[PDB]
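A.B. asks: Let me give you the structure first, and then I'll get to my questions.
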Amino acid sequence: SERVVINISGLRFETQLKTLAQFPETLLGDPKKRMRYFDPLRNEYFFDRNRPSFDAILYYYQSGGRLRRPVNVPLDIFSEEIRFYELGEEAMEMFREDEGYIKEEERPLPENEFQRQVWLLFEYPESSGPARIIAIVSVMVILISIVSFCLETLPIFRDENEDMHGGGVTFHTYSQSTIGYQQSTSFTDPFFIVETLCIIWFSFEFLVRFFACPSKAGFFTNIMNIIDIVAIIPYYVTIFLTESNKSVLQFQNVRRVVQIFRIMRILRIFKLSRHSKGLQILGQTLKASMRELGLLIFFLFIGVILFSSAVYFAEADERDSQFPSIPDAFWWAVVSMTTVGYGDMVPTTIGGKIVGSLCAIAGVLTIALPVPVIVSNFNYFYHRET
Amino acid sequence: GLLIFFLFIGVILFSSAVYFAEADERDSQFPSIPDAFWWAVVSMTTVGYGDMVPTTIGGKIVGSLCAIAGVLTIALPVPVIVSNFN
Amino acid sequence: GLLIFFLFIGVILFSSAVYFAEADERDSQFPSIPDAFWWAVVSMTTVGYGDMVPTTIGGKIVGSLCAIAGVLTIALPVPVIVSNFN
Ligand SMILES: [K+]
Ligand SMILES: [K+]
Ligand SMILES: [K+]
Ligand SMILES: [K+]
């Protein structure tokens, strides 16, 4: 079992030749590659290189594959050494992964001279000046669609209709109040105009992206595309629903569904996430914190039921009890544990107040336990980008 | 900036939901979505004055979520700032 | 245990001061020191329902201090607990 001496800038290392022959494609494992570094006067291979790194390089052979970077050695210096000793692409990949680096993909255009041209200014805002323009306009349209959706609820506008003084219930007024705007081919309502324009553009982007994208299979997998769709679904579904129930009795029978889709319109806010690095980071953060986010909700649930129950019974024998039932106390318990404390429900008895005191303290600890982990994940994804 | 931005997103999201959830109530404390912005900020920062509160079951579910969302929203960017200060 | 203990100390200390500070007011919301315990806990944990509030200048100075003291009181032992959990 012939021994080999490797001198790293004066620091002496020794191993068995069979330990190095284990990996024939590396510098040290290949006689022809290491020949260049042999000093026949001293019977050693000499490398005028970084010292703190070699330990791990040699341990990789002794361990049979373990490549751990020493805590005291910078990742950029170590990786250069892994490359120098020619440990190979597999070890390198295993290293980066374990080091917290895994990326890989990129679907370019089909090389259509057309598709690749359209796709570049509809997803890569830096591809060109026009690309930016499209992105800027997209943000403006999103912001406008939000402001408009909100103004639809202002009394100055909605409180001005055919039955604003409790007179009747006009079918056109009843659906205009439910939907938020007047749907008519005449386009009299400025709100319907703004909403239609905005949805024309959202519809445009979604279409242009669906036909200029390299793959149509990994499309409805991208959360961004899902968002793009959700942003237009309400509009078209409302049209369909109103035209399929064009009578007072019918509409009244589908109003709940119509209302649900009106609320869904606010999800268009998330369209900004395509232009917000932070919103993307937040997204990555939440995806990685599902477990802790679940514990948060779970512990809060336990505390809510526990405290709601106790305060309910503690106030039960009082004529002025502010707790009609345990389920109703859930509200008070959440408002107390999160320390919001509106004051619309409060215990009035000594036992209720002892329960409330505990409820508050329990809330602070309950929330405090899982949050830090989430904050940590965010801090990680946040700097990894910064 | 992220703090203000995330809070803005949450404010609009929660103001919208609570508004519609209380809309069909004669005693609704939310005249419009923009007016609910106040309640949403007061809840997310956990101030909770109590001058505007939901009264329906759907409004209270929205409010509960709004409070929890506020704690996490603020909690995410602050630590970095605290670090810079330190 | 330290959490509960420090809170207890602060509760009694602040309940006492606010009680005496509001004592000479016909509309005092603090019937006795033990009754003020409630207000002091609700303030130190920053819940702030608003069902009991000081109305005098001295009561409000006491209340201001009570709130700040609460934040530091809770903040001291919690981190350790959060650490054990982590
Ligand atoms: K608070
Ligand atoms: K509060
Ligand atoms: K409060
Ligand atoms: K209050």
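How things are named: the first chain in the structure tokens is A, the next is B, and so on; residues count from 1 in each chain; ligands count from 1 in the order shown.
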Please provide the set of residues having any atom within 9 Å of residue 51 (chain B), restricted to only C-alpha atoms, with same-chain residues fewer than 6 positions apart removed, written as JSON, numbers by chain.

C.D. replies: {"A": [342], "B": [29, 39]}

A.B. asks: Got time to write the residues from that selection, C-alpha atoms, as a PDB file, in the first residue's frame?

C.D. replies:
ATOM      1  CA  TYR A 342     -61.596  46.436  19.820  1.00  0.00           C
TER       2      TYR A 342
ATOM      3  CA  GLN B  29     -69.947  50.291   9.817  1.00  0.00           C
ATOM      4  CA  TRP B  39     -60.246  49.697   9.955  1.00  0.00           C
TER       5      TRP B  39
END

A.B. asks: Residues at most 12 Å from residue 82 (chain C), counting only C-alpha atoms, excluding those fewer than 3 positions away in the same chain, as a PDB file with N, CA and C atoms, in the first residue's frame?

C.D. replies:
ATOM      1  N   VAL A 364     -49.963  36.316  23.119  1.00  0.00           N
ATOM      2  CA  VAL A 364     -48.617  36.786  22.814  1.00  0.00           C
ATOM      3  C   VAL A 364     -47.660  35.604  22.626  1.00  0.00           C
ATOM      4  N   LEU A 365     -47.675  34.623  23.526  1.00  0.00           N
ATOM      5  CA  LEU A 365     -46.779  33.472  23.381  1.00  0.00           C
ATOM      6  C   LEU A 365     -47.146  32.569  22.198  1.00  0.00           C
ATOM      7  N   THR A 366     -48.436  32.425  21.943  1.00  0.00           N
ATOM      8  CA  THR A 366     -48.927  31.603  20.844  1.00  0.00           C
ATOM      9  C   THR A 366     -48.426  32.084  19.496  1.00  0.00           C
ATOM     10  N   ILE A 367     -48.555  33.379  19.264  1.00  0.00           N
ATOM     11  CA  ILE A 367     -48.142  33.941  18.003  1.00  0.00           C
ATOM     12  C   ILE A 367     -46.634  33.939  17.926  1.00  0.00           C
ATOM     13  N   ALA A 368     -46.002  34.386  19.003  1.00  0.00           N
ATOM     14  CA  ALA A 368     -44.550  34.451  19.092  1.00  0.00           C
ATOM     15  C   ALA A 368     -43.805  33.153  18.769  1.00  0.00           C
ATOM     16  N   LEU A 369     -44.380  31.987  19.057  1.00  0.00           N
ATOM     17  CA  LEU A 369     -43.654  30.749  18.789  1.00  0.00           C
ATOM     18  C   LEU A 369     -43.362  30.391  17.328  1.00  0.00           C
ATOM     19  N   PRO A 370     -44.373  30.406  16.451  1.00  0.00           N
ATOM     20  CA  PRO A 370     -44.049  30.043  15.071  1.00  0.00           C
ATOM     21  C   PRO A 370     -43.579  31.151  14.152  1.00  0.00           C
ATOM     22  N   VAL A 371     -43.918  32.395  14.462  1.00  0.00           N
ATOM     23  CA  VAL A 371     -43.545  33.492  13.594  1.00  0.00           C
ATOM     24  C   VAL A 371     -42.058  33.607  13.275  1.00  0.00           C
ATOM     25  N   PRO A 372     -41.187  33.582  14.294  1.00  0.00           N
ATOM     26  CA  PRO A 372     -39.741  33.696  14.051  1.00  0.00           C
ATOM     27  C   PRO A 372     -39.199  32.819  12.945  1.00  0.00           C
ATOM     28  N   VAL A 373     -39.702  31.601  12.846  1.00  0.00           N
ATOM     29  CA  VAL A 373     -39.245  30.692  11.803  1.00  0.00           C
ATOM     30  C   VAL A 373     -39.585  31.280  10.435  1.00  0.00           C
TER      31      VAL A 373
ATOM     32  N   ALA C  75     -41.520  41.319  26.581  1.00  0.00           N
ATOM     33  CA  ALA C  75     -40.356  41.114  25.729  1.00  0.00           C
ATOM     34  C   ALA C  75     -39.157  40.433  26.395  1.00  0.00           C
ATOM     35  N   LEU C  76     -38.933  40.636  27.692  1.00  0.00           N
ATOM     36  CA  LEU C  76     -37.767  40.021  28.318  1.00  0.00           C
ATOM     37  C   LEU C  76     -37.729  38.492  28.418  1.00  0.00           C
ATOM     38  N   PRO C  77     -38.787  37.859  28.941  1.00  0.00           N
ATOM     39  CA  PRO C  77     -38.699  36.402  29.030  1.00  0.00           C
ATOM     40  C   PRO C  77     -39.145  35.601  27.824  1.00  0.00           C
ATOM     41  N   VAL C  78     -39.991  36.178  26.981  1.00  0.00           N
ATOM     42  CA  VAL C  78     -40.495  35.446  25.838  1.00  0.00           C
ATOM     43  C   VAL C  78     -39.439  34.849  24.915  1.00  0.00           C
ATOM     44  N   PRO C  79     -38.451  35.646  24.482  1.00  0.00           N
ATOM     45  CA  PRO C  79     -37.406  35.130  23.585  1.00  0.00           C
ATOM     46  C   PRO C  79     -36.800  33.806  23.990  1.00  0.00           C
ATOM     47  N   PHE C  85     -38.659  26.539  22.027  1.00  0.00           N
ATOM     48  CA  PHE C  85     -39.589  25.990  21.067  1.00  0.00           C
ATOM     49  C   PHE C  85     -38.833  25.721  19.769  1.00  0.00           C
ATOM     50  N   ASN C  86     -38.068  26.707  19.321  1.00  0.00           N
ATOM     51  CA  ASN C  86     -37.336  26.564  18.077  1.00  0.00           C
ATOM     52  C   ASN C  86     -36.401  25.362  18.142  1.00  0.00           C
TER      53      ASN C  86
END

A.B. asks: Residues within 7 Å of ligand 4 (only C-alpha atoms and all ligand atoms), as JSON, numbers by chain?

C.D. replies: {"A": [341, 342, 343], "B": [48, 49, 50], "C": [48, 49, 50]}

A.B. asks: Atoms to include: C-alpha atoms. Write the selected residues as a CSV table (one decimal), in the first residue's frame.

C.D. replies:
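Wrote part.csv, looks like this:
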chain,number,residue,atom,x,y,z
A,341,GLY,CA,-58.8,44.5,21.5
A,342,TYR,CA,-61.6,46.4,19.8
A,343,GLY,CA,-63.7,46.5,23.0
B,48,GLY,CA,-57.8,48.2,17.4
B,49,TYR,CA,-59.6,51.4,18.4
B,50,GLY,CA,-63.0,49.9,18.0
C,48,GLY,CA,-56.5,48.1,25.2
C,49,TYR,CA,-60.2,47.3,25.1
C,50,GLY,CA,-61.1,50.8,26.3

A.B. asks: Which residues are close to region 79-85 of chain A, i.e. within 7 Å by only C-alpha atoms, leaving aside same-chain residues fewer than 3 positions away? Reply as number ranges by chain.

C.D. replies: A: 26-28, 75-76

A.B. asks: So that I have them on file, write out the residues from the current selection with N, CA, C and O atoms, as an mmCIF file, in the first residue's frame.

C.D. replies:
data_model
loop_
_atom_site.group_PDB
_atom_site.id
_atom_site.type_symbol
_atom_site.label_atom_id
_atom_site.label_comp_id
_atom_site.auth_asym_id
_atom_site.auth_seq_id
_atom_site.Cartn_x
_atom_site.Cartn_y
_atom_site.Cartn_z
ATOM 1 N N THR A 26 -10.017 12.432 -11.434
ATOM 2 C CA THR A 26 -9.586 13.658 -10.772
ATOM 3 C C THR A 26 -8.082 13.884 -11.021
ATOM 4 O O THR A 26 -7.391 13.007 -11.532
ATOM 5 N N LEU A 27 -7.590 15.070 -10.672
ATOM 6 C CA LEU A 27 -6.171 15.409 -10.838
ATOM 7 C C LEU A 27 -5.279 14.454 -10.044
ATOM 8 O O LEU A 27 -4.363 13.858 -10.591
ATOM 9 N N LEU A 28 -5.557 14.309 -8.754
ATOM 10 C CA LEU A 28 -4.749 13.453 -7.906
ATOM 11 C C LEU A 28 -4.859 11.968 -8.214
ATOM 12 O O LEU A 28 -3.887 11.225 -8.022
ATOM 13 N N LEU A 75 -16.799 30.169 0.321
ATOM 14 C CA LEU A 75 -17.408 29.364 -0.723
ATOM 15 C C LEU A 75 -16.798 29.599 -2.108
ATOM 16 O O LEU A 75 -16.713 28.680 -2.919
ATOM 17 N N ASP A 76 -16.368 30.820 -2.388
ATOM 18 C CA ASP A 76 -15.776 31.087 -3.699
ATOM 19 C C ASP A 76 -14.358 30.515 -3.830
ATOM 20 O O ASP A 76 -13.971 30.035 -4.890
#

A.B. asks: Taking only C-alpha atoms and all ligand atoms into account, list the residues no farther than 9 Å from ligand 2, as a CSV table (one decimal) with N, CA and C atoms, in the first residue's frame.

C.D. replies:
chain,number,residue,atom,x,y,z
A,335,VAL,N,-59.6,38.4,18.9
A,335,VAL,CA,-59.3,39.8,19.1
A,335,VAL,C,-58.5,40.1,20.3
A,336,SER,N,-58.5,39.2,21.3
A,336,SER,CA,-57.7,39.4,22.4
A,336,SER,C,-56.3,38.8,22.3
A,338,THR,N,-54.6,38.3,19.6
A,338,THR,CA,-53.8,39.0,18.6
A,338,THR,C,-53.5,40.4,19.2
A,339,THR,N,-54.1,40.6,20.4
A,339,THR,CA,-53.9,41.9,21.1
A,339,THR,C,-54.6,43.1,20.3
A,340,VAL,N,-55.5,42.8,19.4
A,340,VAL,CA,-56.2,43.9,18.7
A,340,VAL,C,-57.1,44.7,19.7
A,341,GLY,N,-58.0,43.9,20.5
A,341,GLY,CA,-58.8,44.5,21.5
A,341,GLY,C,-59.7,45.7,21.2
A,342,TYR,N,-60.6,45.4,20.2
A,342,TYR,CA,-61.6,46.4,19.8
A,342,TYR,C,-62.4,47.0,21.0
B,42,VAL,N,-55.8,49.8,11.2
B,42,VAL,CA,-56.0,49.8,12.7
B,42,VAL,C,-56.0,48.3,13.2
B,43,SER,N,-56.4,47.4,12.3
B,43,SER,CA,-56.4,46.0,12.8
B,43,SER,C,-55.0,45.3,12.5
B,45,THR,N,-52.1,46.6,12.4
B,45,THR,CA,-51.1,47.1,13.3
B,45,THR,C,-51.4,46.7,14.7
B,46,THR,N,-52.6,46.0,14.8
B,46,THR,CA,-53.1,45.6,16.1
B,46,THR,C,-53.5,46.8,17.1
B,47,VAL,N,-53.7,48.0,16.6
B,47,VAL,CA,-54.1,49.1,17.4
B,47,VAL,C,-55.5,48.8,17.9
B,48,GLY,N,-56.5,48.6,17.0
B,48,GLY,CA,-57.8,48.2,17.4
B,48,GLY,C,-58.7,49.2,18.2
B,49,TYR,N,-58.8,50.4,17.7
B,49,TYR,CA,-59.6,51.4,18.4
B,49,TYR,C,-61.0,51.0,18.8
C,42,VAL,N,-54.7,44.8,30.7
C,42,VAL,CA,-55.2,45.1,29.4
C,42,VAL,C,-54.2,46.1,28.7
C,43,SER,N,-53.6,46.9,29.5
C,43,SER,CA,-52.7,47.9,28.9
C,43,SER,C,-51.3,47.3,28.7
C,45,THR,N,-50.4,44.3,28.1
C,45,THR,CA,-50.3,43.3,27.0
C,45,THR,C,-50.7,44.1,25.7
C,46,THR,N,-50.9,45.4,25.9
C,46,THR,CA,-51.3,46.2,24.7
C,46,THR,C,-52.7,45.8,24.1
C,47,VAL,N,-53.6,45.1,24.8
C,47,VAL,CA,-54.9,44.7,24.3
C,47,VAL,C,-55.7,46.1,24.1
C,48,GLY,N,-55.8,46.8,25.2
C,48,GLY,CA,-56.5,48.1,25.2
C,48,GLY,C,-58.0,48.1,24.8
C,49,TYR,N,-58.8,47.4,25.5
C,49,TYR,CA,-60.2,47.3,25.1
C,49,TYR,C,-60.9,48.7,25.2

A.B. asks: Which residue is closest to ligand 3? Choose from A:124, A:380, A:332, A:174 and count only C-alpha atoms and all ligand atoms.

C.D. replies: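 Looking at the shortest contact to ligand 3, the residue is A:332.
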
A.B. asks: Env of residue 35 (chain B): 9 Å cut, atoms = only C-alpha atoms, seq-sep filter 5 positions within chain, self excluded. Answer as a PyMOL selection string.

C.D. replies: (chain A and resi 154) or (chain B and resi 15+19+30)

A.B. asks: With N, CA, C and O atoms retained, write the just-selected residues as a PDB file, in the first residue's frame.

C.D. replies:
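Result file is part-v2.pdb:
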ATOM      1  N   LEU A 154     -67.994  53.844  -3.294  1.00  0.00           N
ATOM      2  CA  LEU A 154     -68.167  55.159  -2.696  1.00  0.00           C
ATOM      3  C   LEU A 154     -69.629  55.585  -2.812  1.00  0.00           C
ATOM      4  O   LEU A 154     -70.211  55.527  -3.898  1.00  0.00           O
TER       5      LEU A 154
ATOM      6  N   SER B  15     -59.906  45.329   3.384  1.00  0.00           N
ATOM      7  CA  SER B  15     -60.925  46.355   3.346  1.00  0.00           C
ATOM      8  C   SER B  15     -62.000  45.873   2.379  1.00  0.00           C
ATOM      9  O   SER B  15     -63.188  45.936   2.674  1.00  0.00           O
ATOM     10  N   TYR B  19     -65.837  44.942   3.582  1.00  0.00           N
ATOM     11  CA  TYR B  19     -66.874  45.800   3.035  1.00  0.00           C
ATOM     12  C   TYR B  19     -68.044  44.973   2.490  1.00  0.00           C
ATOM     13  O   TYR B  19     -69.211  45.168   2.900  1.00  0.00           O
ATOM     14  N   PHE B  30     -69.123  50.009   7.562  1.00  0.00           N
ATOM     15  CA  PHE B  30     -68.241  50.211   6.427  1.00  0.00           C
ATOM     16  C   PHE B  30     -69.022  50.814   5.230  1.00  0.00           C
ATOM     17  O   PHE B  30     -69.636  50.086   4.443  1.00  0.00           O
TER      18      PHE B  30
END

A.B. asks: Using only C-alpha atoms and all ligand atoms for the distances, tell me which of A:318, A:162, A:39, A:344 is nearest to ligand 3.

C.D. replies: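 Looking only at the distances to ligand 3, the closest residue turns out to be A:344.
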
A.B. asks: Compile the contact shell of residue 262 (chain A) as a list in words: residues with an atom at most 8 Å away, counting only C-alpha atoms, same-chain residues fewer than 4 positions apart removed.

C.D. replies: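 In the requested form, the answer reads residues 179, 180, 234, 258 and 266 of chain A.
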
A.B. asks: Counting only C-alpha atoms, which of C:41, C:68, C:17, C:61 gets nearest to chain A?

C.D. replies: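 Closest to chain A of all the choices is C:41.
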
A.B. asks: Of the candidates A:281, A:134, A:267, A:360, which shows the shortest atom-to-atom distance to ligand 1, using only C-alpha atoms and all ligand atoms?

C.D. replies: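 Distance minimum relative to ligand 1 lands on A:360.
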
A.B. asks: Rounded to one decimal in Å, what is the spacing between CA of residue 181 (chain A) and CA of residue 152 (chain A)?

C.D. replies: 7.4 Å

A.B. asks: Using only C-alpha atoms and all ligand atoms, which of B:3, B:36, B:67, B:21 sits nearest ligand 3?

C.D. replies: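 Ranking B:3, B:36, B:67, B:21 by distance to ligand 3, first place goes to B:67.
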
A.B. asks: Find the residues around residue 11 (chain B) up to 9 Å (only C-alpha atoms counted), leave out those fewer than 2 positions away in its own chain, and share them as a ChimeraX atom specification.

C.D. replies: /B:6-9,13-16,36-41,44,66
